[PDB]
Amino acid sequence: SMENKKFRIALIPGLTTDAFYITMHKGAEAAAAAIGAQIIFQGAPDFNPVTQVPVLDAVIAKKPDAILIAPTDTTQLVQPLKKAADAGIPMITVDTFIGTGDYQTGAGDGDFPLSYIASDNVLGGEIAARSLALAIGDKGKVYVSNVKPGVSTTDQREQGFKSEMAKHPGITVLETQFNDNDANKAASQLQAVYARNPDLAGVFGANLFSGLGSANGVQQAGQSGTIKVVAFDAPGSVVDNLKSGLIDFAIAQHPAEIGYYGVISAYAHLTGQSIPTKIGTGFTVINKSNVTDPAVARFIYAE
């Protein structure tokens, strides 16, 4: 910044048009300004390793000093990132991981990133389950609206949700509906589940798009406030949807925190400081009442 070496740190999101990654980027720019770095930001328009890897390659060719990336596949991003590693480029994964997400252990094929910075996503799921159980009075039929098997974060949220719900004997967990990150698909799946199950009590959307689509489906079905919704992430729409009763809880991650600590950790590494192999960022649970608490509303995602 002042006497600091000025670095070029790349940030590759999972998806460009996603308020989570947009807000992560905001946090990253704030940290970059603080320690004198420039962010090289580039992403694909879908959460998809086929389109993310060419972006990663374009970024590698810009010879950044470090790479922050949210890999869109735990296995298919390993060898492409390994190329960056072998070219001397240090990296951190944000939000999602490659391998197991256990890094610098000295073994395994996806061991070379320096750190994994993300929410505690299993906990996120357990929190969503407890919130939904509260909303439905601890009985009735529910299901998880999710993206696609194999996405590390949403896999963990579904596991945490199901393990928590197993402790609630009056609750029935119906089959997970996978929407491939498409809110309109999630809405149509809500409609199908509700048509087969007029007694459906609630739904947990395990990421932004799943929650938005599921909520939109409930509204279109005429069941706002009757079918309870717990939505992961906190796009701007949660203000109106909490107010109207369409969703009961939004589980906000802290993407700016993820971005911020990603850039600072890269800077620390580049100046010879050891960094943690894991940093876990928290949640803010937003409801109808506290969404106007200032300390809370500031966690609603940008854009």
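Start at 1 with the first residue shown and count on from there.
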Higher of the two mean Cα B-factors (100-108, 215-223; per PDB record) comes from 100-108
Higher avg CA temperature factor (42-50 vs 235-243, as deposited) belongs to 235-243
Per the deposited entry, the peak Cα B-factor within the set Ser163, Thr93, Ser131, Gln191 goes to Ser163
Reading the B-factor column for Cα atoms of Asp86, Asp73, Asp120, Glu158, the highest value belongs to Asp86
Here the Cα B-factor of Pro294, set against its chain, lands in the third termed highest
Among the modelled residues of its chain, the C-alpha B-factor of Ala266 falls in the third labelled lowest
Among the modelled residues of its chain, the C-alpha B-factor of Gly140 falls in the third labelled highest
Of the three thirds of the chain ranked by Cα temperature factor, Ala183 occupies the lowest
Entry-reported C-alpha B-factor of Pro198 relative to its chain, by third, is middle
